[PDB]
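This document starts with one chain, in the form deposited without the named molecule, laid out as structure tokens.
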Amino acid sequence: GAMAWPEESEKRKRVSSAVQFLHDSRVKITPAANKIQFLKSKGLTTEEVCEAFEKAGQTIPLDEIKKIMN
């Protein structure tokens, strides 16, 4: 890919942890702001958050994620 394997492995783990989070019924019932602020607290970037929503089948437009991230 574009990054070296150590950095890739860390990113992939953050994103996969976020996907697992977003699938859980306890999380699904809450609004995007709650779950995005939570993922922000775990160190995810705006783009990692977006990728997690995509991979969870819950796509949010990146511009809307950016606005909630702050």
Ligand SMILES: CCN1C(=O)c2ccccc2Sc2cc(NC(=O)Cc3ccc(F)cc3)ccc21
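Just count from 1 along the sequence shown to find any residue number. Each form is matched to the other, and the largest set of C-alpha atoms that superpose within 1.5 Å is called the rigid core. Only residues modelled in both forms are compared.
Of the two segments examined, 47 to 55 and 6 to 14, it is 6 to 14 that shows the higher average Cα temperature factor in the deposited entry.
Just so you know, the form deposited with the named molecule bound exists too; it's not on screen, but the next bit is about it.
Among the residues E10, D24, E54, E47, the one placing a heavy atom within 4.5 Å of the named molecule in the deposited bound form is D24. The closest non-hydrogen atom of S17 lies within 4.5 Å of the named molecule in the deposited bound form. Note: the CA-CA distance for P61 and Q37 contracts in the deposited bound form relative to this form, by 3 angstroms or more.
A change of 3 Å or more separates the two forms for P61 and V27: their C-alpha atoms lie closer together in the deposited bound form. Taking the core as fixed, the only part between the shown form and the other one where three or more residues in a row have CA shifts of 2 Å or more is 61 to 67.
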